[PDB]
Amino acid sequence: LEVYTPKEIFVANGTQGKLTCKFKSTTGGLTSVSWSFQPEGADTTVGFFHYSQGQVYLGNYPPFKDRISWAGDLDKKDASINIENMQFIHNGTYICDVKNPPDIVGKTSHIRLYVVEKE
């Protein structure tokens, strides 16, 4: 198992952010995806999205309410999510955690997401 995300993305504020994740494995069924957020300048992280067995599970982080959608396809080894109407409160590091049985405990990749003035 190997997990890729871009190192950085820049998103114009008010537009949709695409958090790309691609992985390699020998998929679907037991495989799961979690995404977490570390707000810039905090040392804590919020888990806010989880996907297994065709079902989306959403954490309660008010900045992400009504913004998070699954954009992946496990068969295509894509674990991406979209984030609507991105604003400066969404600046920080996004962390994708992919578990594929069998792997010992899974793998993670980080995106530093910079929201940028659309003006």
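Criterion first (of a type in the set (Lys, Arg) and more than 17 Å from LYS7 (Cα to Cα)) does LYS18 satisfy it? Spell out the reasoning first.
Values: of a type in the set (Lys, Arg): yes; more than 17 Å from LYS7 (Cα to Cα): no.
Taking the combined requirement at face value, the residue does not satisfy it.
Just the residues that are over 22 Å from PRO62 (Cβ atoms) and outside any strand (DSSP E or B), please, taken from the stretch 88-119.
Once the filter is applied, which keeps residues that are over 22 Å from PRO62 (Cβ atoms) and outside any strand (DSSP E or B), the stretch 88-119 yields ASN100, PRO101, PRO102, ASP103, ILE104, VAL105, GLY106, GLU117, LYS118, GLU119.
Within the stretch 10-45, restricting attention to residues that are assigned to a strand (DSSP E or B) and surrounded by fewer than 17 Cβ atoms within 10 Å (Cβ to Cβ), which residue is nearest to the chain's Cα centre (by Cα)?
Restricting attention to the stretch 10-45, the residues satisfying the condition of being assigned to a strand (DSSP E or B) are 10-12, 17-19, 22-24, 32-39.
Next, only the ones that are surrounded by fewer than 17 Cβ atoms within 10 Å (Cβ to Cβ) stay: 10, 12, 18, 24, 38-39.
Working: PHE10: 15, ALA12: 18, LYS18: 9, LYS24: 16, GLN38: 11, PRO39: 14 Å.
Filtering the stretch 10-45 for residues that are assigned to a strand (DSSP E or B) and surrounded by fewer than 17 Cβ atoms within 10 Å (Cβ to Cβ), the one nearest to the chain's Cα centre (by Cα) comes out as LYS18.
Output the residues belonging to the stretch 59-108 that are of a type in the set (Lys, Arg), more than 19 Å from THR45 (Cα to Cα) and loosely packed, with under 14 Cβ neighbours inside 10 Å.
Initial filter on the stretch 59-108 (of a type in the set (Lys, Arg)): 65, 67, 76-77, 99, 107.
Checking the rest, the ones that are also more than 19 Å from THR45 (Cα to Cα) come to 76-77.
Matches in the stretch 59-108: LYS76 only.
Bear in mind that the values in this text are calculations on the coordinates, not laboratory data. Reconstructed Cβ throughout: ideal geometry from the backbone, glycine too, with neighbour counts over all protein chains shown.
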